[PDB]
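Okay, here's what each chain looks like letter by letter:
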Amino acid sequence: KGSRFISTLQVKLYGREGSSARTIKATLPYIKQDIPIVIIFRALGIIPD
Amino acid sequence: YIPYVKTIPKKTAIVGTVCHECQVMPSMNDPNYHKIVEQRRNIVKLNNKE
Amino acid sequence: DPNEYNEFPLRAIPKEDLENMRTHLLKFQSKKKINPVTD
Amino acid sequence: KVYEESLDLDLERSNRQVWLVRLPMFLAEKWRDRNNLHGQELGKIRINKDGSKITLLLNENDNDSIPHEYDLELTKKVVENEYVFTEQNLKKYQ
Amino acid sequence: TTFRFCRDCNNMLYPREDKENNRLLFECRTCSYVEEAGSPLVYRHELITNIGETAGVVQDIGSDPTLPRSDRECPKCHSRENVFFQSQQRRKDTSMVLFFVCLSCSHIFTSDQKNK
Amino acid sequence: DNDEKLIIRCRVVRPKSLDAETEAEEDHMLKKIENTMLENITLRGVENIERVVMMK
Amino acid sequence: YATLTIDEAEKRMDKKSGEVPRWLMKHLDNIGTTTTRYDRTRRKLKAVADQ
Ligand SMILES: [Zn+2]
Ligand SMILES: [Zn+2]
């Protein structure tokens, strides 16, 4: 109700099980790049790890 | 540093420190109790839109 | 019931001092204890 | 000169006990009214001598449409890092 | 592994070595707070792990009408009512052993007779 | 083999030159070599041979 | 705790190196860069009390 448009959010786990570092990145609308989840959390006001 | 920051001053005062967080809940042993239950049931029953 | 308790009156705030003034809640988000009076 | 009042935060009344109380909708809809709160007695707060139980007793002014007895449930007995601060404008001349 | 968090800023601590005492210290990367470790273990990789075999056991697991019932005996209270379920790890290498939860003492036992 | 638990202990020996920058990544290096020594080590067999079954 | 700036942060995020050093903040604290307001003010105030 109110605008009827759809925006998709994807949280991806980069890397495979044989990798030494698998990070998580999220795709935000109108951002063109997949940001690390920690950066998004800090952008929301939670700075402590 | 920066020489201009564009603050907005206001008159502020700390007028108390919270010591207890409380939750008011009607007593179930009260005569007028169960009128709230009906009121809370009327919340879901209502059809405001026409 | 017996007087094994203490009951204090609960009164409203006069509206003559509640106008042109807003009372908010301040929450320090930290794991230590912050007291702006002593710290 | 632009302000005729101190611009510093007033840490004088901070040592004042305050209770953060969450109210039911039917009670909050008549206690948060600004066309009310003339200084009348909203009721009484009763604490057992040994503690561990508090109860609120409203006056007979509710018109026998809502409960007259309530139980103040302490969701947090010890609270830290929570304070109450006011906000109003400053005198602007001289 | 027992992750440790800082006391002053709540950030994650990291292991560092002090050669002046040949010991292990946990330090913060932003606020300079240190604490000596209680254990010498810092990393653990669990290639074959059993964490999650009984995941989801709660105080009202018996209220679930879909969980099957059994008549097995609980070897901590001697009761016969209980709900049982298979392993909750979705790796396609886990055994079909069952786990029993007693509806009178909340004790979790198993049907395994090989290793237990 | 007779031991109840079968354990390997490995230690990386540092060169004569002392590195002060590698201490921060010292444990980091161990995890890297730990990952490599799990994956790209060929105890025995032919590469790209997943499993073999004997049938009569 | 002496945070960085956006430009400095982005240079580190990009492939300036494989990964940021674990004790980078301690290293840059001694160089003198990346101080705090508290320290930035105390040293100036002491720079006046000395005279
Ligand atoms: Zn810290
Ligand atoms: Zn039992």
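Residues numbered from 1 in each chain as written, not as in the entry; some residues may be left out. Chains lettered and ligands numbered in written order. Part of a larger assembly, values for the part shown. Heavy atoms only, no water.

## Comments concerning unusual backbone geometry
The condition that has to hold: Under the DSSP-based scheme used, a helix requires at least four consecutive residues in state H or I and a strand at least two consecutive residues in state E, with every element numbered from the N terminus. Note on exposure labels: buried denotes an accessible area under 20% of the residue type's maximum, exposed denotes more than 50%, and partly exposed covers the range between, all computed with a 1.4 Å probe on protein chains only.
Phi at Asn 20 of chain C takes a positive value of approximately 60 degrees, unusual for a residue other than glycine. Relative to the helices and strands, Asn 20 of chain C is located in the loop between strand 1 (5-11) and strand 2 (22-27). The exposure class of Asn 20 of chain C is exposed, given its relative accessible area of 66%. One non-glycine residue, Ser 106 of chain E, lies in the positive phi region at around 65 degrees.

## Quick word on the coordination of the zinc ion (ligand 1)
Residue and element names in this part refer to chain E. Basically, it comes down to this: Metal donors were taken as nitrogen, oxygen and sulfur atoms no farther than 2.8 Å from the ion, or 3.2 Å where the ion is Na, K or Ca. Water is excluded, so coordination may look unfinished. Every angle between 85 and 135 degrees makes a four-donor site tetrahedral, while opposite donors more than 155 degrees apart, with all other angles between 65 and 115, make a four-donor site square planar and a six-donor site octahedral; other sites are irregular.
For the zinc ion (ligand 1), every protein donor is listed as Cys 6 (SG), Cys 9 (SG), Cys 28 (SG) and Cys 31 (SG), and the spread of their distances is 2.3 Å. Relative to the metal, the four donor atoms surrounding the zinc ion (ligand 1) lie at angles of 98 to 114 degrees, and the coordination shape comes out tetrahedral. One chain supplies every donor for the zinc ion (ligand 1), spaced along it as C-x2-C-x18-C-x2-C. Taking relative accessible area as the criterion, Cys 28 reaches 1% and is therefore assigned buried. Residue classification places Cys 31 among the partly exposed residues on the basis of a relative accessible area of 21%.

## Some details on the coordination of the zinc ion (ligand 2)
Residue and element names in this part refer to chain E. Around the zinc ion (ligand 2), the protein contributes the donor atoms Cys 74 (SG), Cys 77 (SG), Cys 102 (SG) and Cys 105 (SG), which lie 2.3 Å from the metal centre. Around the zinc ion (ligand 2), the four donor atoms sit at angles spanning 104 to 113 degrees, and that spread fits a shape best called tetrahedral. For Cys 74, a relative accessible area of 1% translates into the label buried.

## Brief notes about the arrangement of the chains
As a reminder, the rule being used: Working rule for contacts: check all heavy atoms of both residues, and any pair within 4.5 Å makes them a contact.
The interface with the highest contact count, out of 12 pairs of chains in contact, is the one between chains B and D. Where chain A comes nearest to chain D, the C-alpha atoms are still 17 Å apart, and the two do not contact one another. At the C-alpha level, the nearest point of chain C lies 14 Å from chain G, with no contact between them.

## Quick word on a positive patch on the surface
Threshold: Like charges are joined within 9 Å and nonpolar side chains (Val, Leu, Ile, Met, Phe, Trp, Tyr) within 5 Å, but only among residues with over 30% relative accessible area and no salt bridge; these make up the patches. Note on areas: these come from Shrake-Rupley sampling with a 1.4 Å probe, and a residue is covered only by the protein chains present in the view. For this analysis, a salt bridge means a side-chain nitrogen from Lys or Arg found within 4 Å of a carboxyl oxygen belonging to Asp or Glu. We count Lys and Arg on the positive side and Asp and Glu on the negative side, and we leave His and both chain ends out. A single reference atom marks each charge: NZ on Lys, CZ on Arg, CG on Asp, CD on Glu.
Among the surface-exposed residues, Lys 11 of chain B together with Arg 13, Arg 16 and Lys 91 of chain D lie close enough to one another that they form a single positively charged patch. Mapped onto the elements, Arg 13 of chain D comes out in the segment before strand 1 (17-22). Here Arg 13 of chain D falls in the exposed class, since its relative accessible area comes to 59%.

## What to know about the sheet that holds strand 3 (residues 34-36) of chain A
Residue and element names in this part refer to chain A. To be explicit about the condition: We treat two strands as partners when DSSP finds at least two bridges between them. Every axis corresponds to a line fitted to the C-alpha atoms, with the helix fit spanning only the stretch in contact, and the corresponding angles, defined between N-to-C directions, vary from 0 to 180 degrees.
Spatial strand order, 1-2-3: three strands in an open sheet with antiparallel pairing. Each edge of the open sheet is held by one strand with a lone partner, namely strand 1 (10-13) and strand 3. Between one strand and the next, the sheet's axes are offset by a mean angle of 35 degrees, whatever the strand orientation. In this structure, strand 2 (residues 24-27) lies alongside strand 3, joined through three bridges in antiparallel fashion. Considered in strand 3, the bridge of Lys 25 is made with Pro 36.

## Quick notes on the packing of aromatic side chains
We count it as follows: Note on aromatic pairs: the rings of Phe, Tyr and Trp (six-membered ring only in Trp) are paired at centre separations within 6.5 Å, and the planes decide the class, stacked below 30 degrees, edge-to-face beyond 60, tilted for the rest. A positively charged side chain is recorded as over a ring if its NZ (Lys) or CZ (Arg) lies within 6 Å of the ring centre. The angle to the ring normal must also be within 35 degrees.
Throughout the structure, instances matching the rule amount to four aromatic pairs over all chains. Note on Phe 28 of chain C and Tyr 83 of chain D: the rings are 6.2 Å apart at their centroids and 70 degrees apart in plane angle, and the pair reads as edge-to-face. With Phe 28 of chain C in the segment after strand 2 and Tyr 83 of chain D in strand 5 (residues 82-88), this residue pair bridges two chains. Chaining the aromatic ring pairs together yields one cluster made of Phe 84, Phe 100 and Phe 109 of chain E. In this structure, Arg 29 of chain E packs its charged tip against the face of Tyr 14 of chain E, placed 5.4 Å from the ring centre. For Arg 42 of chain G, the ring lying beneath its charged end belongs to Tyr 38 of chain G, and the centroid distance is 5.7 Å.

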